[PDB]
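Novice: can you look at this? It's an experimental structure, sequence on top.
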Amino acid sequence: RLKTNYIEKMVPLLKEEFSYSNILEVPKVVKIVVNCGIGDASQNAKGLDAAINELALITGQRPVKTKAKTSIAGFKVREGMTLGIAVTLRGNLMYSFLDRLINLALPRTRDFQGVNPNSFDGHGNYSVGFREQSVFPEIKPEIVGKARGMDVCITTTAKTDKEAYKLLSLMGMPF
RNA sequence: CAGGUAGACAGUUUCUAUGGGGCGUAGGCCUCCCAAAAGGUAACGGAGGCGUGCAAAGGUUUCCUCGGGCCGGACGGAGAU
(Lines give C-alpha, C1' and ligand atoms only; values in the text may rest on other atoms or scores of the structure.)
Protein backbone atom coordinates (compact mmCIF):
# COMPACT_ATOMS: atom_id res chain seq x y z
CA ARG A 1 0.00 0.00 0.00
CA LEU A 2 2.74 2.44 1.00
CA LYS A 3 5.14 1.11 -1.63
CA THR A 4 2.41 0.70 -4.24
CA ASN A 5 1.09 4.22 -3.65
CA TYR A 6 4.59 5.42 -4.57
CA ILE A 7 4.37 4.46 -8.25
CA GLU A 8 0.74 5.50 -8.77
CA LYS A 9 0.41 8.92 -7.13
CA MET A 10 3.63 9.85 -5.33
CA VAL A 11 5.99 9.76 -8.32
CA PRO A 12 3.39 11.14 -10.77
CA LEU A 13 2.93 14.45 -8.95
CA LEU A 14 6.71 14.57 -8.49
CA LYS A 15 7.00 14.58 -12.28
CA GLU A 16 4.66 17.51 -12.94
CA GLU A 17 5.54 19.68 -9.94
CA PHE A 18 9.27 19.46 -10.68
CA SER A 19 11.18 19.38 -13.97
CA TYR A 20 9.70 17.08 -16.61
CA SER A 21 11.99 14.19 -17.55
CA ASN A 22 12.15 10.40 -17.17
CA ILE A 23 10.51 8.31 -14.45
CA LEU A 24 13.25 7.88 -11.85
CA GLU A 25 15.51 10.64 -10.48
CA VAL A 26 12.58 11.45 -8.20
CA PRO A 27 12.59 11.77 -4.38
CA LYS A 28 12.72 8.24 -2.96
CA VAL A 29 13.40 7.12 0.61
CA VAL A 30 16.51 4.95 0.96
CA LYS A 31 16.32 4.09 4.66
CA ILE A 32 14.73 5.03 7.99
CA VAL A 33 16.99 5.30 11.04
CA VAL A 34 14.77 5.55 14.11
CA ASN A 35 17.61 5.92 16.62
CA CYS A 36 16.59 5.86 20.28
CA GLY A 37 19.31 7.34 22.47
CA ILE A 38 19.50 6.38 26.14
CA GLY A 39 20.05 8.53 29.21
CA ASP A 40 23.82 9.02 29.25
CA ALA A 41 25.93 9.76 32.33
CA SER A 42 24.13 7.13 34.41
CA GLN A 43 26.21 3.97 34.07
CA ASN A 44 23.59 1.22 33.87
CA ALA A 45 23.42 -1.89 31.68
CA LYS A 46 19.68 -2.15 32.33
CA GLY A 47 18.88 0.91 30.24
CA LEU A 48 21.04 -0.50 27.46
CA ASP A 49 19.20 -3.83 27.30
CA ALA A 50 15.90 -2.02 27.80
CA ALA A 51 16.64 -0.19 24.55
CA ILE A 52 17.97 -3.00 22.35
CA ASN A 53 14.89 -5.04 23.30
CA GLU A 54 12.72 -1.97 22.72
CA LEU A 55 13.14 -1.00 19.07
CA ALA A 56 13.63 -4.65 18.11
CA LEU A 57 9.83 -4.85 18.32
CA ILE A 58 8.54 -1.86 16.35
CA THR A 59 11.08 -2.57 13.61
CA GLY A 60 11.61 -6.26 14.29
CA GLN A 61 15.36 -5.84 13.81
CA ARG A 62 18.19 -6.21 16.33
CA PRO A 63 19.48 -2.71 17.24
CA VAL A 64 23.09 -1.53 17.10
CA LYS A 65 25.78 -1.12 19.76
CA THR A 66 27.32 2.29 19.06
CA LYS A 67 30.39 3.25 21.09
CA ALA A 68 31.26 6.63 22.60
CA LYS A 69 33.54 8.39 20.12
CA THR A 70 37.04 9.13 21.40
CA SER A 71 37.01 12.72 22.65
CA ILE A 72 37.71 14.93 25.66
CA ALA A 73 34.53 16.41 27.15
CA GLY A 74 33.66 17.95 30.50
CA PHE A 75 31.90 14.98 32.06
CA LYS A 76 33.72 11.89 33.32
CA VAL A 77 32.59 9.82 30.34
CA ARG A 78 35.02 7.26 28.92
CA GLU A 79 35.44 5.69 25.48
CA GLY A 80 34.11 2.18 24.95
CA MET A 81 30.70 2.39 26.60
CA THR A 82 27.44 1.85 24.71
CA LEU A 83 24.88 4.64 25.06
CA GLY A 84 22.54 4.42 22.09
CA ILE A 85 21.01 2.39 19.27
CA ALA A 86 19.96 3.18 15.69
CA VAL A 87 18.04 0.73 13.50
CA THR A 88 17.45 1.31 9.79
CA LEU A 89 15.09 -0.62 7.52
CA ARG A 90 15.26 -0.93 3.73
CA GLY A 91 13.15 -2.30 0.90
CA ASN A 92 9.74 -3.64 1.91
CA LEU A 93 10.71 -3.53 5.58
CA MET A 94 11.14 0.21 5.08
CA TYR A 95 7.94 1.18 3.25
CA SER A 96 5.94 -1.12 5.53
CA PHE A 97 7.38 0.37 8.73
CA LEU A 98 7.05 3.89 7.34
CA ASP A 99 3.38 3.23 6.57
CA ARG A 100 2.80 2.43 10.25
CA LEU A 101 3.71 5.81 11.75
CA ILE A 102 1.62 7.42 9.00
CA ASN A 103 -1.56 5.37 9.35
CA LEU A 104 -1.38 3.88 12.84
CA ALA A 105 0.44 5.20 15.92
CA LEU A 106 -0.78 8.65 14.88
CA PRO A 107 -2.76 10.64 15.63
CA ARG A 108 -3.15 7.91 18.26
CA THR A 109 -0.99 10.01 20.59
CA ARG A 110 -3.23 12.17 22.78
CA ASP A 111 -3.05 15.88 21.94
CA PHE A 112 -1.17 15.61 18.65
CA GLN A 113 -0.84 18.99 16.93
CA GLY A 114 1.10 18.17 13.78
CA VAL A 115 2.63 21.58 13.13
CA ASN A 116 6.35 21.10 12.51
CA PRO A 117 8.91 23.95 12.65
CA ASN A 118 11.64 24.68 10.09
CA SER A 119 13.77 21.54 10.40
CA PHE A 120 15.47 20.24 7.24
CA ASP A 121 19.19 19.49 6.98
CA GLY A 122 20.02 20.96 3.58
CA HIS A 123 20.20 17.99 1.21
CA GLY A 124 16.84 16.33 0.63
CA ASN A 125 16.69 14.86 4.13
CA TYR A 126 14.08 15.13 6.87
CA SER A 127 14.04 14.16 10.55
CA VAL A 128 11.51 14.16 13.40
CA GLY A 129 11.33 13.53 17.13
CA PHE A 130 8.90 11.97 19.59
CA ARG A 131 8.46 13.06 23.21
CA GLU A 132 8.54 10.67 26.17
CA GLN A 133 4.88 9.89 25.46
CA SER A 134 4.46 7.94 22.22
CA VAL A 135 2.51 4.85 21.18
CA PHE A 136 3.18 1.93 18.83
CA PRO A 137 1.28 -1.34 18.11
CA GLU A 138 4.48 -3.13 19.14
CA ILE A 139 5.26 -1.10 22.27
CA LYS A 140 3.73 -2.56 25.43
CA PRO A 141 3.18 -0.14 28.35
CA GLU A 142 2.76 -3.16 30.63
CA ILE A 143 6.33 -4.44 30.98
CA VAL A 144 8.71 -1.52 30.49
CA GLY A 145 10.99 0.67 32.59
CA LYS A 146 9.89 4.25 31.97
CA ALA A 147 8.15 6.12 29.16
CA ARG A 148 10.89 7.20 26.75
CA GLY A 149 10.80 8.71 23.28
CA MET A 150 13.03 8.29 20.23
CA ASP A 151 14.33 10.04 17.11
CA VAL A 152 13.33 9.25 13.53
CA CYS A 153 15.68 10.38 10.76
CA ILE A 154 14.30 9.55 7.32
CA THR A 155 16.72 10.17 4.45
CA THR A 156 15.77 10.14 0.77
CA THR A 157 17.50 10.34 -2.61
CA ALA A 158 16.32 13.94 -2.97
CA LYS A 159 18.93 16.44 -4.16
CA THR A 160 17.49 19.56 -2.51
CA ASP A 161 15.30 20.25 0.52
CA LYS A 162 12.31 21.43 -1.50
CA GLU A 163 12.18 17.88 -2.86
CA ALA A 164 12.08 16.36 0.63
CA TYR A 165 8.79 17.57 2.10
CA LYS A 166 7.17 17.11 -1.32
CA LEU A 167 7.80 13.37 -0.96
CA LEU A 168 6.51 13.02 2.59
CA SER A 169 3.56 15.40 2.24
CA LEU A 170 1.90 13.57 -0.65
CA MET A 171 2.95 10.33 1.03
CA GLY A 172 0.88 10.67 4.18
CA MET A 173 3.27 12.03 6.81
CA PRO A 174 1.58 14.56 9.14
CA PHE A 175 2.24 18.17 8.11
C1' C B 1 85.61 -23.47 70.93
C1' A B 2 81.87 -19.74 70.72
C1' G B 3 77.69 -15.54 71.23
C1' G B 4 77.70 -9.92 72.83
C1' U B 5 80.62 -5.69 74.18
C1' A B 6 84.97 -3.97 72.29
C1' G B 7 88.65 2.84 67.21
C1' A B 8 91.10 2.11 74.35
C1' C B 9 94.76 -0.07 70.08
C1' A B 10 96.01 -1.20 64.77
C1' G B 11 95.47 -1.34 59.28
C1' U B 12 92.70 1.84 55.40
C1' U B 13 88.78 4.09 52.52
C1' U B 14 86.20 8.27 52.24
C1' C B 15 85.82 9.50 43.60
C1' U B 16 85.54 12.64 39.71
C1' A B 17 83.55 16.03 36.51
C1' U B 18 83.95 21.55 37.83
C1' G B 19 86.64 28.43 32.70
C1' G B 20 90.26 27.89 41.71
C1' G B 21 88.24 24.83 45.05
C1' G B 22 83.92 24.11 47.63
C1' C B 23 78.16 24.01 47.83
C1' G B 24 74.55 22.88 44.24
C1' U B 25 74.29 20.44 40.00
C1' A B 26 76.07 17.20 36.65
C1' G B 27 78.68 12.25 35.69
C1' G B 28 74.47 5.40 30.49
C1' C B 29 70.77 4.78 26.81
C1' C B 30 66.58 7.21 23.54
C1' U B 31 64.29 12.58 20.04
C1' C B 32 65.31 17.58 17.72
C1' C B 33 68.71 21.85 17.17
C1' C B 34 73.62 24.04 17.65
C1' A B 35 77.31 19.84 13.43
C1' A B 36 78.62 25.61 8.67
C1' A B 37 72.77 20.60 2.83
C1' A B 38 77.42 13.14 2.48
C1' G B 39 78.81 10.92 7.97
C1' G B 40 81.55 12.05 12.12
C1' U B 41 82.51 16.42 15.52
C1' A B 42 82.78 20.36 21.97
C1' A B 43 80.78 23.21 26.25
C1' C B 44 76.62 22.02 34.13
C1' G B 45 74.75 25.48 25.64
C1' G B 46 68.56 25.41 24.12
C1' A B 47 63.21 22.36 24.91
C1' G B 48 61.44 16.78 26.75
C1' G B 49 61.72 11.15 28.12
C1' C B 50 63.43 5.53 29.68
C1' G B 51 65.49 1.31 33.48
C1' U B 52 58.90 -0.68 30.67
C1' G B 53 54.20 -2.05 28.89
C1' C B 54 51.73 -6.47 26.22
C1' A B 55 48.27 -14.71 26.07
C1' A B 56 48.29 -10.13 23.36
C1' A B 57 48.12 -3.35 20.83
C1' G B 58 52.36 -10.83 18.12
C1' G B 59 51.72 -13.05 12.85
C1' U B 60 48.49 -13.87 8.99
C1' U B 61 43.68 -13.41 5.90
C1' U B 62 39.42 -10.28 4.86
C1' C B 63 37.19 -5.98 5.72
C1' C B 64 36.73 -1.17 7.57
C1' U B 65 39.33 4.07 6.99
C1' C B 66 39.19 9.83 10.43
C1' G B 67 39.62 15.48 13.22
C1' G B 68 36.54 19.48 13.27
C1' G B 69 32.49 22.34 11.66
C1' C B 70 27.58 23.65 9.46
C1' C B 71 22.30 22.52 8.71
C1' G B 72 18.25 19.33 11.45
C1' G B 73 16.02 15.75 15.74
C1' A B 74 12.40 13.47 22.55
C1' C B 75 15.49 13.63 26.72
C1' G B 76 19.67 19.01 23.15
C1' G B 77 20.28 25.22 26.04
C1' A B 78 29.03 25.28 24.32
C1' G B 79 30.47 19.33 23.41
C1' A B 80 27.12 13.33 24.17
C1' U B 81 23.66 8.65 20.44
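Specialist: All right, it came through fine. Numbers count the residues shown, from 1 in each chain, chains lettered A, B, ... in the order given.
Novice: OK, contacts around the spatially most central residue of chain A?
Specialist: Residue closest to the mean C-alpha point of chain A, counted by CA atoms, centre = their mean, is residue A:152 at 2.3 Å. By CB atoms under 8 Å, 6 or more residues apart in numbering, the contact set of residue A:152 is A:32-35, A:101, A:127-130. Just so you know, the C-beta spots here come from the backbone N, C-alpha and C atoms, and that holds for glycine as well.
Novice: try residue A:93
Specialist: With the criterion set at CB under 8 Å, 6+ apart, residue A:93 makes contact with A:59-61.
Novice: can you classify the closest residue to residue A:173 other than its chain neighbours as helix, strand or coil?
Specialist: Closest residue to residue A:173 apart from its sequence neighbours, by CB to CB, 6 or more residues apart in numbering: residue A:102 at 5.9 Å. With DSSP: H, G, I helix; E, B strand; the rest coil as the basis, residue A:102 sits in helix.
Novice: compute the number of surrounding residues for residue A:102.
Specialist: Neighbour count of residue A:102, defined by other CB atoms under 10 Å: 14.
Novice: I'd say it and residue A:2 touch.
Specialist: Yes. Residue A:102 lies in contact with residue A:2 (CB atoms under 8 Å); the separation is 7.3 Å.
Novice: name the residues contacting each of these two.
Specialist: By CB under 8 Å, 6+ apart, the residues touching both residue A:102 and residue A:2 are A:171-172.
Novice: what residues does the longest helix anywhere in chain A touch?
Specialist: The residue-count maximum for a helix in chain A (DSSP state H) belongs to helix A:45-58. Contact partners of helix A:45-58, identified using CB under 8 Å, 6+ apart, comprise A:34, A:36, A:38-39, A:61-63, A:65, A:82-85, A:87, A:97, A:100, A:136-140, A:144-145, A:150.
Novice: now with 10 Å, please.
Specialist: A:34-40, A:44, A:61-65, A:81-87, A:97, A:100-101, A:105, A:134, A:136-140, A:144-146, A:148, A:150 (CB atoms under 10 Å, 6 or more residues apart in numbering).
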